[PDB]
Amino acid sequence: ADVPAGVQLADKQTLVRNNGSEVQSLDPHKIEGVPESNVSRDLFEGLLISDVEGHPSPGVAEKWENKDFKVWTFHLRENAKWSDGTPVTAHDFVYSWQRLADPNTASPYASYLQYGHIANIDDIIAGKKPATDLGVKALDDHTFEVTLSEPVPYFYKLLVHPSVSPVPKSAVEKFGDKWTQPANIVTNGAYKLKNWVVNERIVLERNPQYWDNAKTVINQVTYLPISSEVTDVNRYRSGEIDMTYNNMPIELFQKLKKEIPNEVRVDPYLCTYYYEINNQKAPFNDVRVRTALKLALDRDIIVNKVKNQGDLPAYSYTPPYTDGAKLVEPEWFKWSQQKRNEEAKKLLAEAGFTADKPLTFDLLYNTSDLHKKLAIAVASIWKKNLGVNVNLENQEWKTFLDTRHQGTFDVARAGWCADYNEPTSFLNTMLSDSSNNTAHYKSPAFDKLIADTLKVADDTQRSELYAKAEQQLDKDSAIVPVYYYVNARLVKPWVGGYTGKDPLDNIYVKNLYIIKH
């Protein structure tokens, strides 16, 4: 943390944050969501970390270089340690990325090493090559070298993500799937796990062995698992929470903005809210059905009438303001909603659905007052504009993510937030073999467009290919884009260091501090 000369700090440097839901896991190789990564940044530290404005900065790696953007050399700081006092070496990075790549780990982010184009990942992922073949190597204890199959200019931006953080082999090999329990876990970030009571709290305390420990201010942070955005806010107002999770209740927001204007933080956010369609299951394997649902949803009602928190109506998957995106607005988004409804109705008639034998299906969401309210509104809009009958289902966060990966659904509420600020952070998730493809979408034409982005000379050409890849995805109606998110959350006035300027929201509790109040 960089406390402003002049500010006085409080005596007790404790922080309470809501975290949206109970994490899937604390193992960096088993996580995929925002709740999981909020915890993961305070516990595990990879090669690079984000600074308070979101820029890639020194993490375990104090300095690095690249050869033709294809060979990256990371110089690890000589004092990096694990919470047990042991040294963090380039060998821990070797072992960890091999464990991420191994199909036996089953990581939802195994494909992050494919996004980075590390040599040999595809065969390793396919089980054709053993994980020991991965293009990484410890040149010496403090020198980690990565070799990629194509130049990847933004390679370093990928590295602040939890799946490329190191995991402690001794703990992992001795305790198996119990390595993350408090009595067993070994960590390397600014904090260490003090307590974890399922569905109640996660308590982290300062990790004295952190290399940047003199700059850590907050001695303890608790993360709550509250999925009701109403209860999160209520507990914030009662004084129990200093930082709400960043999902705001529709019910109370207008009230909050007028009653405590300066605690309502509302900042840019590279996330997209959409309805995920299970592309591999009839009748969702018919593009006419997918397109009719995409066109019949009325985003203006959703964004401006039901929610009205500053979200922008969406027509793509990658947010148009991502760095390096220059997207082509599609024709259907230029029409009036009435015309969208008429085309939508024709498309479903063509697919054979009647007013008397309508298309019916489940609309699944992760338990939440926000998502429930939006899904009730969406079901009514679709009923009214297209004649579809939807049945709402809700699942708890962890269960919900497992359903999506397994394909045990029809249509699901969804949100993807960038892992790095560059369009392939969104576009790589729709690749046929990506481990993050819960759309179950497979388009050889889309895969090629993305693969050609690593084979071209200039950024102009890359940017045009990302626009064509968004167009192919829209033409296939793989999803129903709804809105681009704003990052909206309540932060008490004594919480310092939360600037709201990082469009990925990669908050580190070591960078925050309690102002005396």
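The first residue of the sequence shown is number 1, and the count goes up from there. Here the rigid core means the biggest group of C-alpha atoms that line up within 1.5 Å when the two forms are laid on top of each other.
- In a rigid core superposition of the other structures in 9 other deposited structures of this protein, 300-308 and 180-188 differ in how far their CA atoms stray, and the farther one is 300-308.
- Rigid core fits of the other structures in 9 other deposited structures of this protein place the C-alpha atoms of one stretch farther away on average; of 427-435 and 132-140, that stretch is 427-435.
- Across the two stretches, 428-436 and 228-236, the PDB entry reports the greater mean Cα temperature factor for 228-236.
- The mean Cα B-factor in the deposited entry runs higher for 56-64 than for the other of 56-64 and 39-47.
- Ranking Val390, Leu204, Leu327, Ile121 by the C-alpha B-factor listed in the PDB entry places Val390 at the top.
- Highest CA B-factor among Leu370, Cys417, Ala445, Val264, as stated in the entry: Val264.
- Sort the chain's modelled residues by C-alpha temperature factor and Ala469 lands in the lowest third, per the entry.
- When all modelled residues of the chain are sorted by CA temperature factor, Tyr315 is found within the lowest third.
- For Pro153, the recorded CA temperature factor ranks within the middle third of the chain's modelled residues.
- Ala488: CA B factor lies in the middle third for its chain, per the PDB record.
- Sort the modelled residues of the chain by CA B factor and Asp410 lands in the lowest third.
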